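Chain letters run A, B, ... following the sequence lines, proteins first and then strands; every chain starts at 1.
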Amino acid sequence: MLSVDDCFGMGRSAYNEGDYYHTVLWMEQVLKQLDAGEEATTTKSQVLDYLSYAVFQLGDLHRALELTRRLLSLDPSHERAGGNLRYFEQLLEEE
Amino acid sequence: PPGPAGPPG
């Protein structure tokens, strides 16, 4: 096993290469290990920021909306996340 | 264009 923060770094590496699929794989694993109570400097909101965008790029529309809502719930002053939420809610008529 | 924006890096 890699640590939570290692997996997060892997997900960020994939994302910075424009590899959204591998971003999802790593960030999903991060969330699993955070839910298991593993210690980490990375926060769930930071993971959700990468993951929500990556799942959208892969065409997973209502999941991207769900994760964007969760992101904002944990980071309400995240202006970009708020803009994303408005986009997805208008796109999917989920306003 | 009209869309979301992810982390800059």
Next on the checklist: Let's go through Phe8(A) and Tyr50(A) carefully: what are the C-alpha distance in whole Å and the side-chain angles of both, what is the deciding distance for side chain to side chain contact (heavy atoms under 4.5 Å, CB included) to 0.1 Å, and is it a yes or a no?
Outcome noted: CA-CA 10 Å; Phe8(A) 182 69; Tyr50(A) 290 98; 3.7 Å; yes
Next on the checklist: I'd like to know whether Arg12(A) forms a side chain to side chain contact (heavy atoms under 4.5 Å, CB included) with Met27(A), so could you lay out the CA-CA distance, the side-chain angles of the two residues, the decisive distance to 0.1 Å, and finally the verdict.
Outcome noted: CA-CA 9 Å; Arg12(A) 286 188 60 234; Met27(A) 298 310 187; 4.1 Å; yes
Item to check | Salt-bridge present (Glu28(A), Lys32(A); N to O < 4.0 Å) | outcome: no
Item to check | Side chain proximity check, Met1(A) to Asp6(A), heavy atoms < 4.5 angstrom | outcome: no
Checklist entry - If you count the non-hydrogen atoms of other residues, nucleotides and ligands that lie under 6.0 Å from CD in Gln90(A), is the total more than 12? => result no
Next on the checklist: If you define the side chain from C-beta out and look only at heavy atoms, does anything of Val4(A) sit under 4.5 Å from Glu39(A)?
Outcome noted: no
Checklist entry - When rounded to the nearest 0.5 angstrom, what is the spacing between CG in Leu85(A) and CG in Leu67(A)? => result 11.5 Å
Item to check | Within 6.0 Å of CD in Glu79(A), more than 12 heavy atoms from elsewhere | outcome: no
Checklist entry - Atom CD of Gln33(A) and atom SG of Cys7(A): how far apart are they, to the nearest 0.5 Å? => result 4.5 Å
Next on the checklist: Could you measure the distance from the CD atom of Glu17(A) to the OG1 atom of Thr23(A)? Nearest 0.5 Å is fine.
Outcome noted: 10.0 Å
Next on the checklist: Looking at every heavy atom in both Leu31(A) and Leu51(A), which two are closest together, and how far apart are they?
Outcome noted: CD1-CD2, 3.7 Å
Next on the checklist: To the nearest 0.5 Å, what is the distance between OG1 on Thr68(A) and CZ on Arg63(A)?
Outcome noted: 10.5 Å
Checklist entry - Would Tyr20(A) and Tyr53(A) count as a close aromatic pair, with their ring centres under 6.0 Å? => result yes
Checklist outcome for this item: Rounded to the nearest 0.5 angstrom, the CZ-CG distance for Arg80(A) and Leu71(A) is 7.5 Å
Checklist entry - Hey, what do you get for OH (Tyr87(A)) to CG (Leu92(A)), rounding to the nearest 0.5 Å? => result 8.0 Å
